[PDB]
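Remarks on the structure that follows.
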Amino acid sequence: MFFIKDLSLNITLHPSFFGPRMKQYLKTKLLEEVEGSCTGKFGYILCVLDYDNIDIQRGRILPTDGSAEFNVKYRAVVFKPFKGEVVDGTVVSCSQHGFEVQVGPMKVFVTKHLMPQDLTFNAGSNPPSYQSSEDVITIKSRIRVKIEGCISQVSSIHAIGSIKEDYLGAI
Amino acid sequence: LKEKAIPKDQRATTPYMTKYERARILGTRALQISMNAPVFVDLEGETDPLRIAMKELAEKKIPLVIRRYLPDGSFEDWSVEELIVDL
Amino acid sequence: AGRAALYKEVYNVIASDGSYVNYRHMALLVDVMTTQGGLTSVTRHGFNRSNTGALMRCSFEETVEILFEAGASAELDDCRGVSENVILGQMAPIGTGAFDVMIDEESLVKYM
Amino acid sequence: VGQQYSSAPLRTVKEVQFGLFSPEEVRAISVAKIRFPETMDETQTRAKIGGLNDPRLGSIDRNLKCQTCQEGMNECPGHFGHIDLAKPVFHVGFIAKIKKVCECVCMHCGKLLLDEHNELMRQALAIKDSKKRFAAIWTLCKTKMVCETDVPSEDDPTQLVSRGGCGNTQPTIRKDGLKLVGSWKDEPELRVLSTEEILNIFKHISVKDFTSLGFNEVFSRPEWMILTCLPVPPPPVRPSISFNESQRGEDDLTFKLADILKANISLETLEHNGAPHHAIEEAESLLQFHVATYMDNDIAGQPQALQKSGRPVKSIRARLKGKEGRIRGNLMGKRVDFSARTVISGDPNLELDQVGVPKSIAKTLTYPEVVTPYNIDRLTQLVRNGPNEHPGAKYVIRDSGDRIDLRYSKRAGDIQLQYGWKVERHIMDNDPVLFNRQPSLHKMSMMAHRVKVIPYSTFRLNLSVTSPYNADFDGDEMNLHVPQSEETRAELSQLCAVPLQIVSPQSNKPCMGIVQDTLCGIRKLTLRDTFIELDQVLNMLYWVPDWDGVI
Amino acid sequence: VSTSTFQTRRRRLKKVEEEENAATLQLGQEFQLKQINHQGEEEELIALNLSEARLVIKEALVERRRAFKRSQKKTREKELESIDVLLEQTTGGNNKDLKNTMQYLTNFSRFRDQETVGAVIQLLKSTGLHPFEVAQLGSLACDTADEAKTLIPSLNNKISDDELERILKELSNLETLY
Amino acid sequence: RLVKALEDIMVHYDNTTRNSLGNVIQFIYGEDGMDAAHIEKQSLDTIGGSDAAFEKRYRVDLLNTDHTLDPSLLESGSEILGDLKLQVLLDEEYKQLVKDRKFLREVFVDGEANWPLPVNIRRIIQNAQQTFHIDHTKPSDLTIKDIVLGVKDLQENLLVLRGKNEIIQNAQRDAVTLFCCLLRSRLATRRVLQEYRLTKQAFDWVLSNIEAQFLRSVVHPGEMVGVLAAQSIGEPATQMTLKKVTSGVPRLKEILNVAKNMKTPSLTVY
Amino acid sequence: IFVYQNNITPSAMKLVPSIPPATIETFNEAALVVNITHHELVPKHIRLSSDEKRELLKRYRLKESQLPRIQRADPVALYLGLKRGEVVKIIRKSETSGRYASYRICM
Amino acid sequence: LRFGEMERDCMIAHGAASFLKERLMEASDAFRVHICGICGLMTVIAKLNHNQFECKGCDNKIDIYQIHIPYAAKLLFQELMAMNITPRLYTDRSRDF
DNA sequence: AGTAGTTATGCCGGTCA
DNA sequence: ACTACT
RNA sequence: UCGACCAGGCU
Ligand SMILES: [Zn+2]
Ligand SMILES: [Zn+2]
Ligand SMILES: [Zn+2]
């Protein structure tokens, strides 16, 4: 899953920053605008790699105000989830509708009726849990989830998964 | 494509700077000098942006590059440094 | 030989009046009228029928008709013409616009 | 401009893809259904009915409202809506092609009337260039008036091969008003070609046939010349013009839509009613009229859809037609800010390239200088100076895009600039400016001069720059444009300053000389007979500003 | 101000066709094996199993803090804190993601030896499997070839039960300890 | 109509004149690459005059007591008489001059010798003279090889086109053909010494300016040549306040229209 | 080449473009009485090896369509038996530059 | 005053690119519209406020630009559309050449 | 024939919904 | 008032 | 806020 994609970005530098430590200010701007960002297109952009050799190229000067626009060619580590992708993470929240597992920078949600049947919801617990003949899932338990579907949204991706198939559930 | 970037060698365009090029350099620099960008010469008391630009150009200290386009899309880059300034 | 005569004729019209126009000018006109192959008239029928962009052509003589036929035949405009840009409010590729300008991070450091 | 920040990346237009609207897209784009021909007054209540102008399109009443979009009128471009028509109608502007395409395809089956099987056709089919190809293809098979089912292959005219079927004879087509009529030929069989009919045949034309006939599968397929769903242009295109309240001020276009709207509703309520079959079609051609009249209203079939009062009604096409037109009079040229004009009169005391500017004008025309440590002082002086004294200023514009009006602002006297802010200051001595005299025949009708603010109300120019403009002082007027950017002015001073323009490339010689008084007199001052004594020679020397002080 | 990506296919207006993604190894167009490098050369998709990812990130944030000072001139539970520092030094501090990713990665990492990870990679990079599967097999603890072929349907016919079960064995060993 | 039909024609960075389609219209602007502002009418002496005076002017026969440079001109005047190695050059020179003369009479059949051409050479020499107060009394100090190989070398730099290849290089040589005739017409050994009386210094100077002044007269890629050309014709037609053949505005109209049924449609037969 | 006198059969010529490669050319007699190419205003043209052309295009970065065209029925075009695609090199005198070299592709 | 066709020519003649663009925009029209990257139309429903964009019908919400063109031109396009003609505006080229 | 398309630049009273 | 094209 | 159409006059 986790990928390393070759991306690029455009930055418009005011003329004031047309100093000597310019390359530095761009490389900075890049990281400010990219690391932490999210798109359904490339998923979560987590970390820009090889800081040292970020290609700045020659920026062209806009022609009415005097800013320049550089096309910063970088490379980075991204995280885009998928439907049918098996992933395991830790629990975070848990109600009567299901519980939310956290895989990486993202959060997956397991709906009650997407769990096995013999697995019940013990409300009269704390932290709230889900009990089975054998299992006891809750707040911090690690779980192996199958991502059933994703929903790209704003600055993040969210999905819903099940643990009703085989070899899925707590670990 | 950048398969359109004609090497510093093999350049065939004029070695000299065109009135248009230069008119546009002095103007661009003046603009940025007025935008409070860094100035690369000593303002011998100069305080007019175009003046400061003409001065930067006379001391070939203008960090700009003219990207000349050929009718096909090819292009040769020339620095104001390089470019002669007979005009 | 046509181009030759065409110039010769054009020239006479101007010299007959007792004026002088440096050859290159009439030359250029004369040539434009012939390059394509025969005699293209400085007329809505002649020149305004080449492959220049729709937008360019519509700025002379047959405006809407040209724009209509333009949508019918799904034309594509390069926006290489002075006119297209004037219409789009963009810097036209002429004199000051015949080339781009960039800050060279390199030389920008040698200066200090 | 068109203000307020937008996070959307900003680029320039590189290409323009022309095409035709598919009824589907029109429906897709549409933000509003549009059923009622009423402007608004929700039953007389000043507002807008969910029917015409703003059933969610742009706005009116200086009211951000605009189907959330908000932003308010200056920012909100229009928003298209639509009208599902009652029956397909031609597009006034395509009728000609619509017809010529029929004369190229076979009705009933929709296949070309000439294959590679015909050679004179292949020759055309090779012609690369939509325009000319379709030009041939037509002339070629316009005559072919039978959908031949079998042709003698490139072997012997003996064994004839098979292609497309149905040999149905082909109607000889002619145009009548906005109607296409054919006569399949003892004696012909005259009959009118219905739109729904022509539409279907076009829809059946094959994709390859499309193209061979200069069209395009993605951007402009034949069928689209036939309007089915009509795009409704937003308020901005057809803005009103109110007179306070309880009145009106609708636009011609807003009416012709109402016409179309009415005309449509009428038709439809005849197909859901007692449809006297050919009393309907009598009201269908009315729609064809309006929907045609709205785009073009200066056709050949004389009914020039006049409006109540006889005035013709501007068709959209009128809006774009040459000079004064949209294109020619709004884009290839337009009225502009920062310009000034007055009577001119020569002044034998200005330098060739100066331009005497009346103080009153110097105080109106302004330049947007940016606050720099280089000019903080000078600029603050001007701001404090005022918009009324001469060397002064009118506005101070802060980083936080807001104008401080130095003539009212309770802080006019106050104000302390800010590196980066801008002070719109008065035009001052030596500002480069474009000066011109119309008609503008050659470069030299527009040269850049140095300003010299001066008394009285007339632009004063040096006599020798007289010829280039072709001005005399019989009362000619001259225009003047003040450059606004740091580079804009650079372009003037560096490229078109009067001194540069001196030797003209028009006729490889100078284009300004010595004239009138100076010419007449320079001769006299020259004649061997002309002698000058000390007292005067001394003044004459002094008058020359460079004179090295050497008698 | 967006963020482009080494391949621009024509916007023939007809913007409709792009399927959904799945365990049919049908990731976006933005993730096909055949994708173009920044030096415009074809280069196979680069998927990373966890840990192999925890290393990649950590290494970069390191050489960063380094150059973030060349110009300055003029144990599972234990790594959690050691990393929480490198972060508040080279990261943006609001990268709640890169932080959460560093823990998640640090905790669920199967191999924590730049060598063991290499071993893993060589081992799998002989299967001829898709970068994604190779990624999953690497970061998902599997025993029966069944558990594998089941959490990774993409496989199924791509590798025999015994052969896949072999590699699985190997994987359970190179499986660095804690 | 003129302007609308040339809007988009401008000299490109390769010295080609094209429109907005990239279609060539003039391979080298004005068939010479020169900007019109930098041109002046100059006389090409070589073309006119009798063969009699042509020889008396440009001919230098070192192997002759009556056709050599008298030593009052050139310094090495006496020690040059009879030099066979030099007459090879002087004959090579006088051969070209004579070839030029025929080539000019070929281009300008008329015999007309005054034509607009870049770099005014008459002046560029007068300054040369006065700058160095060159006295027509003493003798020069120019090697007969000095002159000849210098002028020969000056040509090598009157660049208009640049590319490294034959098609272009040839184009270049074409572009400069007529100018060079002028050049040789004026920098002929005989003239240079008998007429101008230039010293070796004054000479190297004239050669330097002639070079610069040339490079300066070349057209600037960018120049909106189209519109310029349009207005340059239109403007004077405006002042046309009008041998009985349709002439003037009505005729011009006729022409631009490619008018099939022109009014006066004479035809002159020789 | 076939120099007819007062014309050829409207059925006869229907047999010229029928024996390729080899091509046939028809010419009227009265049309060749005077040689046009010899006319004052007519400059020297010149065919160009498919290579000489490929070079012309390469050295000027031209597409074919960017070259000044000449009519297939242009007098001088026929005189040299030009064929759609070939390029002539027109060389003429110049009151500006002595000699100038232009190119014309065949339509 | 009117900087008309003829004065436009004179600027082209001087080769004064910027001064022309500035005279036809900054000094007159100039407007900011948002276009779709799929269909070159001014469809996009920009809500510069909540940072939302979108162009249903193309169902876009990501591929969107903003361009500066003379209001008269926005009009020219909307008018051309009203007449069922699509004058798509694209920020990148394809036709190369 | 029939069929349309133009025509210089720019600036400065009086009826109609 | 004139001029070309379908 | 602010338009259209017509007609007339100056260069
Ligand atoms: Zn809106
Ligand atoms: Zn049929
Ligand atoms: Zn869209």
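Just so it is clear, none of the values below were taken in a lab; they were calculated from the coordinates. All Cβ positions, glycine included, derive from the backbone under ideal geometry; neighbour counts span all protein chains shown.
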Restricting attention to the stretch B:30-87, the residues that are within 14 Å of chain A (Cβ to nearest Cβ) and farther than 19 Å from residue D:370 by Cα number exactly 17
Tally time: how many residues in the stretch D:13-70 are facing chain H (nearest Cβ under 10 Å), within 19 Å of residue D:238 (Cβ to Cβ) and either of a type in the set (A, V, I, L, M) or within 16 Å of ligand 3 (Cβ to nearest atom) (or both)? 6
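Name the residue, out of D:505, D:439, D:455, that is within 16 Å of DNA strand I (Cβ to nearest atom) and touching a helix residue (DSSP H, G or I) at 6+ places or on another chain (Cβ under 7 Å). I'd like the intermediate steps shown before the answer.
Working: D:505 fails: within 16 Å of DNA strand I (Cβ to nearest atom); D:455 fails: within 16 Å of DNA strand I (Cβ to nearest atom).
Among D:505, D:439, D:455, only D:439 is within 16 Å of DNA strand I (Cβ to nearest atom) and touching a helix residue (DSSP H, G or I) at 6+ places or on another chain (Cβ under 7 Å).
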Taking the stretch D:373-409 as the region of interest, how many residues are of a type in the set (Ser, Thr, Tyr) and buried (at least 18 other Cβ atoms within 10 Å of the Cβ)? 2
Please go through the stretch D:105-153 and give me each residue that is touching a helix residue (DSSP H, G or I) at 6+ places or on another chain (Cβ under 6 Å) and either within 14 Å of another protein chain (Cβ to nearest Cβ) or within 16 Å of DNA strand I (Cβ to nearest atom) (or both), ordered by number. D:127, D:137, D:138
If the Cβ limit is 8 Å and pairs must be 6+ apart or interchain, which residue in the stretch D:102-131 that is on the phi > 0 side of the Ramachandran plot pairs with which residue that is part of a loop (DSSP other than H, G, I, E, B) and within 16 Å of ligand 2 (Cβ to nearest atom)? D:108/D:147; D:108/D:166; D:108/D:168; D:110/D:205; D:110/D:206
Taking residue E:33 and the conditions (1) within 11 Å of chain A (Cβ to nearest Cβ); (2) surrounded by fewer than 16 Cβ atoms within 10 Å (Cβ to Cβ); (3) in contact with a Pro (Cβ under 9 Å, 6 or more places away or on another chain), which numbered condition does it fall short on, given that it satisfies the others? (1)
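Specify the residue that is nearest to residue G:67 (Cα to Cα); the eligible residues are those in the stretch C:24-45 that are outside any helix (DSSP H, G or I) and more than 7 Å from chain F (Cβ to nearest Cβ). Steps first, please.
From the stretch C:24-45, those outside any helix (DSSP H, G or I) are C:35-45; that's our starting set.
Subset that is more than 7 Å from chain F (Cβ to nearest Cβ): C:36-38, C:40, C:44-45.
Values: C:36: 8, C:37: 10, C:38: 14, C:40: 16, C:44: 23, C:45: 22 Å.
Here the answer is C:36.
I need the full set of residues from the stretch D:17-39 which are under 30 Å from residue H:26 (Cα atoms) and in contact with a helix residue (DSSP H, G or I) (Cβ under 6 Å, 6 or more places away or on another chain), in order please.
Step one: filter the stretch D:17-39 for residues under 30 Å from residue H:26 (Cα atoms), giving D:17-18.
Within the stretch D:17-39, D:18 is the sole residue that qualifies.
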Against the condition of a type in the set (A, V, I, L, M), away from chain E (no Cβ under 14 Å) and farther than 30 Å from residue D:11 by Cβ, how does residue A:110 come out, does it pass? yes
How many residues are among the small types (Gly, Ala, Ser) and more than 9 Å from ligand 1 (Cβ to nearest atom) when one looks only at the stretch D:73-87? 2
Within the stretch C:96-112, residues being touching a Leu at 6+ places or on another chain (Cβ under 7 Å) and small (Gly, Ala, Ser) number 0
For the stretch G:5-15, does any single residue satisfy the condition of being under 18 Å from the mean Cα position of the chain (by Cα), more than 10 Å from every other protein chain (Cβ to nearest Cβ) and on the phi < 0 side of the Ramachandran plot? no
Conditions (1) within 13 Å of chain C (Cβ to nearest Cβ); (2) not in a loop (DSSP other than H, G, I, E, B); number of the one not met by residue H:34: (1)
Does the stretch H:26-39 contain any residue that is under 16 Å from the mean Cα position of the chain (by Cα), of a type in the set (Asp, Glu) and surrounded by fewer than 24 Cβ atoms within 10 Å (Cβ to Cβ)? yes
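I'd like to verify a number: residues in the stretch G:59-107 that are among the polar types (S, T, N, Q) and more than 12 Å from chain F (Cβ to nearest Cβ), how many?
So in the stretch G:59-107, the residues among the polar types (S, T, N, Q) come out as G:65-66, G:71, G:94, G:96-97, G:102.
Narrowing further to those that are more than 12 Å from chain F (Cβ to nearest Cβ): G:71.
Total satisfying the criteria: 1.
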Only one of these conditions is not met by residue D:490: (1) under 17 Å from residue D:437 (Cα atoms); (2) crowded, with 21+ Cβ neighbours inside 10 Å; (3) of a type in the set (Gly, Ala, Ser). Which number is it? (1)
Scanning the stretch G:81-107 for residues that are touching a strand residue (DSSP E or B) at 6+ places or on another chain (Cβ under 7 Å), surrounded by fewer than 21 Cβ atoms within 10 Å (Cβ to Cβ) and in a loop (DSSP other than H, G, I, E, B) gives G:83, G:85, G:95, G:107
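Among the listed residues F:81, F:89, which satisfies the condition of being over 20 Å from residue F:214 (Cα atoms), outside any helix (DSSP H, G or I), hydrophobic (A, V, I, L, M, F, W, C) and away from chain G (no Cβ under 14 Å)? Working first, answer last.
Working: F:89 fails: outside any helix (DSSP H, G or I).
Criteria check complete, one pass: F:81.
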Of D:310, D:329, D:325, which residue is on the phi > 0 side of the Ramachandran plot and within 13 Å of RNA strand K (Cβ to nearest atom)? D:310
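To keep it simple, each residue is scored yes or no on (1) farther than 23 Å from residue H:30 by Cβ; (2) within 14 Å of another protein chain (Cβ to nearest Cβ); (3) more than 16 Å from DNA strand J (Cβ to nearest atom).
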{"residue": "D:322", "(1), (2), (3)": "yes, yes, no"}
{"residue": "D:332", "(1), (2), (3)": "no, yes, yes"}
{"residue": "D:345", "(1), (2), (3)": "yes, no, yes"}
{"residue": "D:384", "(1), (2), (3)": "yes, no, yes"}
{"residue": "D:395", "(1), (2), (3)": "no, no, yes"}
Identity of the residue in the stretch H:1-18, buried (at least 24 other Cβ atoms within 10 Å of the Cβ) and outside any helix (DSSP H, G or I), that ends up nearest to the other protein chains (Cβ to nearest Cβ): H:15
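For the stretch D:138-177, what are the residues that are aliphatic (A, V, I, L, M) and closer than 30 Å to residue D:299 by Cβ?
Step one: filter the stretch D:138-177 for residues aliphatic (A, V, I, L, M), giving D:140, D:145-146, D:151, D:160-161, D:173.
Result: D:140, D:145, D:173.
Report whether or not residue F:190 is part of a loop (DSSP other than H, G, I, E, B) and either within 30 Å of residue F:141 (Cβ to Cβ) or touching a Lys or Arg at 6+ places or on another chain (Cβ under 7 Å) (or both).
Working: part of a loop (DSSP other than H, G, I, E, B): no; either within 30 Å of residue F:141 (Cβ to Cβ) or touching a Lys or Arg at 6+ places or on another chain (Cβ under 7 Å) (or both): yes.
Judged against the criteria, residue F:190 is not a match.
Residue by residue, here is whether (1) surrounded by 15 or more Cβ atoms within 10 Å (Cβ to Cβ); (2) within 28 Å of residue F:137 (Cα to Cα) holds:
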position	(1), (2)
F:29	yes, no
F:63	no, yes
F:66	no, yes
F:83	yes, yes
F:86	yes, yes
F:92	no, no
Limited to the stretch A:102-147, what total is found for residues that are in a strand (DSSP E or B), within 27 Å of residue A:78 (Cβ to Cβ) and either charged (D, E, K, R) or out of contact with any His (no Cβ under 9 Å at 6 or more places or on another chain) (or both)? 9
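For every residue, the table says whether it meets (1) part of a loop (DSSP other than H, G, I, E, B); (2) crowded, with 17+ Cβ neighbours inside 10 Å; (3) within 14 Å of chain G (Cβ to nearest Cβ).
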{"position": "F:160", "(1), (2), (3)": "yes, yes, yes"}
{"position": "F:185", "(1), (2), (3)": "no, yes, yes"}
{"position": "F:211", "(1), (2), (3)": "no, yes, no"}
{"position": "F:215", "(1), (2), (3)": "no, yes, no"}
Kindly state which strands (runs of 3 or more DSSP E) lie completely within the stretch D:174-268 and contain at least 3 residues that are of a type in the set (A, V, I, L, M, F, W, C). D:190-193, D:227-232
